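Following: one structure in structure tokens, then a few remarks.
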């Protein structure tokens, strides 16, 4: 609970794996991972076991590097497919679109717009500004030391409604992904990483 | 094959059920259904067994009724969530966003933009213009007599790559959804429903 399995989200993110970020009681749980570790098998795992919309929380700075506009004049930009993908729709090609976003120097026109991966721009003060799943993704990758770009997909339960708190802890102990709630990483950034 | 289980796609669409439209050999298979019959259980079935991006092929006329703009200045408009949904993300609330698109007289500002359902505008000559899964959805609902708005979601195979032709016929005989290929409904509209 508040102390302190933040370290263990961190280390799962830096090893290329998934973290379950639970919106900290309303409530909603999202899988996340770094865009660096958006493998085919991490994207197919969202897409088979979470089943919401797979999106990509990213810093404004990366969004501006990619020249990504807000879709209209949750901070969704226009969508994107890396230009070597063909349909852009499989877990494998969504994964390569994600990983090509954190490529060391890539240019806006290596992505087609619209496409199949959905960047979401995080508020600059992260969860101490807006206590969204976009900003909890970005703030874990930034405290892991990773590029501020990730994936995040909401978990639905079996019948197509959002999976609730005990479903979620059960799923986390079943697939062995580390669990974190947004309220916890807020307390953590109040004391160890303030505004 | 070319003759003639078009009738059986039709009748599955008019009974509220799903049709598997196979891109007619390159190749890609999409579940579809009418927006009239976008129930929670039809959207969760895409979202658990097809797993691509669930989108909504629609006629330009409906898109203009909704005042939907092309997302940048596959014909994706800005996305949408019907305004009574809260997160808009569950199968149930994606389903109600879909069904509220075919409501008898609904107004653009009953949808938030951006959101979680993705209209795709069909070419006016349908698959005899552009031989997409957008235009095969629209043309089946229009030959079923239904409003020209549907859902359509690409099927991925178990490992996150697009499910190929014999996977698809196997899946169709396993869940008992009627199968149609785009080449077949082209021949059908050349002879029974030309431009």
### Query
Given the conditions (1) more than 9 Å from chain B (Cβ to nearest Cβ); (2) crowded, with 21+ Cβ neighbours inside 10 Å; (3) in contact with a strand residue (DSSP E or B) (Cβ under 7 Å, 6 or more places away or on another chain); (4) assigned to a loop (DSSP other than H, G, I, E, B), and given that residue A:140 satisfies all but one, which numbered condition is not satisfied?
(4)
### Single residue of B:166, B:159 found to be more than 17 Å from residue B:32 (Cα to Cα), away from chain A (no Cβ under 14 Å) and over 15 Å from the mean Cα position of the chain (by Cα)
B:166
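Quick grid of which residues meet (1) part of a helix (DSSP H, G or I); (2) closer than 17 Å to residue B:14 by Cα:
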| residue | (1), (2) |
| --- | --- |
| B:131 | no, no |
| B:134 | yes, no |
| B:146 | no, yes |
| B:152 | no, yes |
| B:159 | no, no |
| B:174 | yes, no |
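For residues in segment A:176-195 being outside any helix (DSSP H, G or I) and under 17 Å from the mean Cα position of the chain (by Cα), which is farthest from the other protein chains (Cβ to nearest Cβ)?
Step one: list which residues in segment A:176-195 are outside any helix (DSSP H, G or I), which gives A:176-181, A:193-195.
Filter once more, keeping what is under 17 Å from the mean Cα position of the chain (by Cα): A:177-181.
Working: A:177: 18, A:178: 22, A:179: 20, A:180: 19, A:181: 17 Å.
Top of the filtered list is A:178.
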### Query
Any residue in segment A:120-128 that is in a strand (DSSP E or B) and out of contact with any helix residue (DSSP H, G or I) (no Cβ under 8 Å at 6 or more places or on another chain)?
no
### Query
How about segment B:91-107: which of its residues are more than 23 Å from residue B:135 (Cα to Cα) and touching a helix residue (DSSP H, G or I) at 6+ places or on another chain (Cβ under 8 Å)?
B:91, B:92, B:106
#### Entry: Given (1) touching a strand residue (DSSP E or B) at 6+ places or on another chain (Cβ under 7 Å); (2) away from every other protein chain (no Cβ under 14 Å), number of the condition residue A:127 does not satisfy
(1)
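Where a number appears in this text, it was derived from the coordinates with a stated rule and is not lab data. Don't worry about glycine lacking a Cβ; one is built from the backbone with ideal geometry, like all the others, and counts go over all protein chains shown.
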